[PDB]
Amino acid sequence: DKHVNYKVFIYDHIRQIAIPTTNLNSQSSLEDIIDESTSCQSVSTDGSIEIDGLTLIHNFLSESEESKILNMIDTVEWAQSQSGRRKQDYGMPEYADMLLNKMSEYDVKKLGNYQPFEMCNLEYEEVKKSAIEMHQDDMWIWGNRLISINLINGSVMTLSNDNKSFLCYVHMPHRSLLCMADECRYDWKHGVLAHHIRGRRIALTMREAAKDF
């Protein structure tokens, strides 16, 4: 753990702020996150922070929508990625248009006007011990908003801030959408630890370019 002596926060999806907690650590179990995530509303705002650009929307997809998408996903072949992951590189998929619209309908200001260069499905699997390390995309090549939709199972998106030694867990439930922009995009690195994966999960990624080139 690089985050062993970090200050750990939990994201309150209702108040849309990160509360510090002593009940979590850098090696917290997936259950610990969920219990703290649902119990942090009554906790004090003392020491809390606001992470501008972090947008979690519960139940972004319905079960019909998800089922339709998952069936279309599995027709296409899976490539090999790193750290026990697989991928499908796309823009091309028919279900992209739908997702872009729903994103605009919920919020035209933030999630509208979105033309991503890449749309990528990232398959996780508990048995492979799939994961993605803490990292950040360069602002000179990659743009503002990073979308991620939780298919099959939810998980936890771990955020870090090295300059301030802040660790933050965002519980992403089944069929939730996480948009990462602004501060969250540019001042925080993001990752998903192996012990936060429940069975199989497919993260439906999107990302826009910084420039047309």
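Swiss-Prot numbering applies to chain A: residues 33-122, 140-262, in that order.
Heads up, header says this was done by X-ray crystallography, 2.7 Å.
Quick reminder: no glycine exception, Cβ is built from N, Cα and C everywhere.
The 2-oxoglutarate binding site annotation in Swiss-Prot covers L171, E172, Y173. As annotated by Swiss-Prot, Fe cation binding site applies to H184, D186, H239.
Mapped onto this structure are the features recorded in Swiss-Prot.
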residue : record                      : Cβ contacts under 8 Å, 6 or more apart
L171    : 2-oxoglutarate binding site : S113, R117, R118, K119, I181, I251, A252, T254
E172    : 2-oxoglutarate binding site : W110, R117, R118, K119, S179, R249, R250, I251
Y173    : 2-oxoglutarate binding site : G116, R117, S179, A180, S204, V241, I246, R249, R250, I251, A252
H184    : Fe cation binding site      : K238, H239, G240
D186    : Fe cation binding site      : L195, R234, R256
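Once the 17 unmodelled residues between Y122 and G140 are set aside, the endpoints remain 6 angstrom apart, Cα to Cα.
For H239 (Fe cation binding site), the Cβ neighbour count at a 10 Å cut-off comes to 22, with all displayed protein chains included. What surrounds the Fe cation site, by Cβ distance within 8 Å of the Cβ centroid and not counting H184, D186, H239, is the set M183, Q185, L195, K238, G240 from the same chain.
Within 8 Å of the Cβ centroid of the 2-oxoglutarate site, not counting the listed residues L171, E172, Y173, the chain contributes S113, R117, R118, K119, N170, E174, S179, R250, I251, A252.
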